[PDB]
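Okay, so here's just one chain, in structure tokens, the form deposited in one PDB entry.
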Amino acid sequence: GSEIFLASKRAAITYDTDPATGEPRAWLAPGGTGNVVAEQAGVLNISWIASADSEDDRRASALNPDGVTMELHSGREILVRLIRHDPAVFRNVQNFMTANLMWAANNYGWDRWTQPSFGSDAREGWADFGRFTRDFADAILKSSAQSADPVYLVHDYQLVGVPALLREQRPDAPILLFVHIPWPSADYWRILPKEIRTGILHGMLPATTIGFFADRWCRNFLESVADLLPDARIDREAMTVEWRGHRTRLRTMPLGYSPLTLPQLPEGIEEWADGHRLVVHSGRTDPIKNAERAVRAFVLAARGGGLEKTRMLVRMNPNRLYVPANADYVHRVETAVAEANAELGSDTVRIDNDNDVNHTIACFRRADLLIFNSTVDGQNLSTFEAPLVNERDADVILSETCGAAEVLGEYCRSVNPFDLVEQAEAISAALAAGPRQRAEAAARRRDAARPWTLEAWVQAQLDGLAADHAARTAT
């Protein structure tokens, strides 16, 4: 008897002609939070509320106020309702400063000794955060104006301010906030300026349920609350916060993959890899993906002997390259690859860069060894998808700091992503292992990965939120 409203900020939508119909088409770039949320919209048969961040988006939204019919990579179709944030007030929706600070904080990118140093920009950014949060919350509230019993599913870190605003207007509504990124240790969270470190928590706590992909993130969130909000009472065993009349439950809801989204190799790759064992590292152009260290670990593994007919493919998916840290990462990866080739012989290691899902899947299929060695990762879905499609009983080296390691770590070669020697030794061992050992390990790994579907995760959201809503009422 409830209507469900699902929102997230980022929607990477292209507009082109549909070859099937010859009509103008909206389609969603693959990967990122957007693809996950869009698939959830499809599972639930509801619209996806997200931000218009271009004239094209505004134009599409104005012509289709009921929503734009959008095509997923999985071929599936949903309605997307893009919020037409006023272009004169919100000049650049694509990049919000406060959200970018939260990205760096939550993914641990600062050394503290030299960075960060917050100036007036952080104050201005926080004011802008407030304006955007209000504009977004108002759009959700307008969308749900004809609903007597709305259920709000608010997705990802850009919307951390939203639950407080929804709770103010809809005191009895079930509200889930689901964060797709890590939550950092209390000492690290409090690097942020006082108004932001506390303000964000004030924005989140009015949610019925706060979800993360991993237990570690829930624990770190609770510790952050205990550290900063003298008014709050945490219960580490119950995973609860009680604060200013808000009761909040923290839940872990792991996600692995979408079965319905699971081709030929990129140009030149099949011939280059022929007769060689192939090590594959795959991920976005983001320093957390840790390809530089993966390449250096490969070089150290080769130094120990036994990798004579082995090559390494670094698959990088271009994304937000305008961010200085991302550009720096690509530079550092290119440098390590050049050093590897200088040391091991030309063409031992190759970078292959695009956002083509078919190429990604092909590379997952061809791999003799898969490396997902993130410095940290909210979850990392590639580490579920890859073994599920791999045909060669490839081993998987998985960083212990990926959310996914809580589910898959015991079925992979779990590593410290900062230790090049451990990683080199894991690379050597994985490639030395005989086919029967690898076959049995891969079968167990597929069995461990298989249950963690997008639909199961959506069900977890609803089951958790429903239970927490009941508990909130009883208290």
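One-based numbering along the sequence shown. Under this definition, the rigid core comprises the largest set of C-alpha atoms superposing within 1.5 Å between the forms.
The form solved in complex with a small molecule exists for this protein as well; it is not shown, and the discussion that follows is about that form.
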- Message: Let me test this: is every residue among 156, 213 and 319 within 4.5 Å of the small molecule in the entry with it bound, going by heavy atom positions?
- Response: yes
- Message: When the contact criterion is heavy atoms within 4.5 Å, does residue 78 count as touching the small molecule in the entry with it bound?
- Response: no
- Query: Is residue 380 one of the residues lying within 4.5 Å of the small molecule in the entry with it bound, judged by heavy atom distances?
  - Reply: yes
- Query: Does the small molecule get within 4.5 angstroms of any non-hydrogen atom of residue 103 in the entry with it bound?
  - Reply: yes
- Message: Please determine whether residue 365 contacts the small molecule in the entry with it bound, using a 4.5 Å cut-off between heavy atoms.
- Response: no
- Among 181, 218, 205, 313, which has any heavy atom within 4.5 Å of the small molecule in the entry with it bound? 181
- Interface check vs the small molecule in the entry with it bound: of 284, 392, 277, 296, the one with a heavy atom inside 4.5 Å is 284
- Location of the small molecule contact in the entry with it bound, chosen stretch of 188-196, 370-378, 159-167, 235-243 [non-hydrogen atom, 4.5 Å]: 370-378
- Message: If I align on the rigid core, exactly one of 93, 381, 222, 137 should have its C-alpha move by 2 Å or more between this form and the one not shown; which residue is that?
- Response: 93
- Task: Indicate whether residue 45 shows a C-alpha shift of 2 Å or more between this form and the one not shown, with the rigid core used for the fit.
- Result: yes
- Message: Is residue 56 displaced by at least 2 Å at its C-alpha between this form and the one not shown when the rigid core is overlaid?
- Response: yes
- Query: Once the two forms are fit on the core, has residue 12 moved its CA by at least 2 Å between this form and the one not shown?
  - Reply: yes
- Message: Having a change of 3 Å or more in the C-alpha distance between residue 158 and residue 100, I'd like to know whether it is closer or farther in the entry with it bound than in the form here.
- Response: farther
- Note on the structure: in the entry with it bound the CA atoms of residue 201 and residue 33, compared with here and shifted by at least 3 Å, lie farther
